[PDB]
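Let me begin by presenting the structure, written as structure tokens, before commenting on it.
For this chain, numbers begin at 1 and follow the sequence in order. Note that ligands are numbered from 1 as they come in the structure, with each ligand's atoms numbered from 1 the same way.
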Amino acid sequence: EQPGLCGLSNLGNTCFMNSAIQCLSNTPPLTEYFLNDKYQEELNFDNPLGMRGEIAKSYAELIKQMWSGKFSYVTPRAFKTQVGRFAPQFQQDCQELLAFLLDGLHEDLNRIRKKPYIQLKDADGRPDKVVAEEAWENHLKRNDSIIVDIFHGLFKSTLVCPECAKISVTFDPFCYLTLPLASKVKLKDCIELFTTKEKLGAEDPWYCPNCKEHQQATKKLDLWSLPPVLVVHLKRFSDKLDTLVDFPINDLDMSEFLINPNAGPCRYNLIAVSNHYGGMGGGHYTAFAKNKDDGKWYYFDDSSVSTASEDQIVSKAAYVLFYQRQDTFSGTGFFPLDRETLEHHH
Ligand SMILES: [Zn+2]
């Protein structure tokens, strides 16, 4: 058997979990962190928001199994049992589980011992660069982990009161982007739609702090900074949109969307896809992933692993896309673990 080419037993409508695990397992800087035992010293047992280290520990133990090269498949019973204990709601939505896991891993590994209270602020007519750099510093004072290092970006939100002209600007972290789907469209069409001005309705109004009243304000999102690993959730369920979204395998250039003039390169290659077949409350999840060792694509359908061709990856079954920024790849020294390993080996 080859490390990472390891299927996962279905334990009874757990294909949503197996699909999310194959995407994270095939996120190189995340797996490397766990295979190099960098997590033990960062486990945060006392965190009121975390899972007593139990999600990080069980996930670490499963990844070590999957990348040992001893197994054609493993049964992720202990991990499924810890997920169920801390998140009883877990056929599910693969994106909700991913959302739970990115937050749970983060809080289990969070380097901040005691979170300080931050007086949240509007731009107040200040320049974007200063408000963005403030937001990011504030985020890191409460949130500092391997999950932040890999997955967290920053978006700008602009709310416009139709009474009083109040322009409310905030910078907010994200660890994934949920895109609205526009028969066939391009991923870049979906990103453009994500960053388009939309009116809020009677459902979910915005409170104007000038007017002291709820308004149907216009909300525009813009991307300030994009993470090393960008997780792109295609909003199919919100019964299910079967729209064919065409996405690139290589050289997704995001630079046209980034409003930060001093940003570095933002070219991404695909590393995994969560697929979904059938309809909302049922159907079946699988995954495509690029193995970090051989650079080839494989298809993971619970316990089964098979070679895939790049020609099969782009289908309407594509639900969550994992992209990695080229400048962060293993061998660049971008990640501290990569840099330490390179410096050790040279
Ligand atoms: Zn107002």
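- Less than 6.0 angstrom separates the ring centroid of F237 from the ring centroid of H276.
- Here the angle at the Zn ion (ligand 1) defined by SG in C164 and SG in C161 stands at 110°, rounded to 10 degrees.
- Considering just the N/O/S atoms of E163, the one nearest the Zn ion (ligand 1) carries the name O.
- Ring planes of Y285 and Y319: tilted class, angle from 30 to 60°.
- Taking the centre and axis of the six-membered ring of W67, the NZ or CZ atom of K292 falls inside the cone set by 45° and 6.0 Å.
- Classified by interplanar angle (parallel below 30°, tilted 30° to 60°, perpendicular above 60°), the ring pair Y33/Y39 is tilted.
- Put simply, the angle at the Zn ion (ligand 1) from SG in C211 to SG in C208 is close to 110°, to the nearest 10°.
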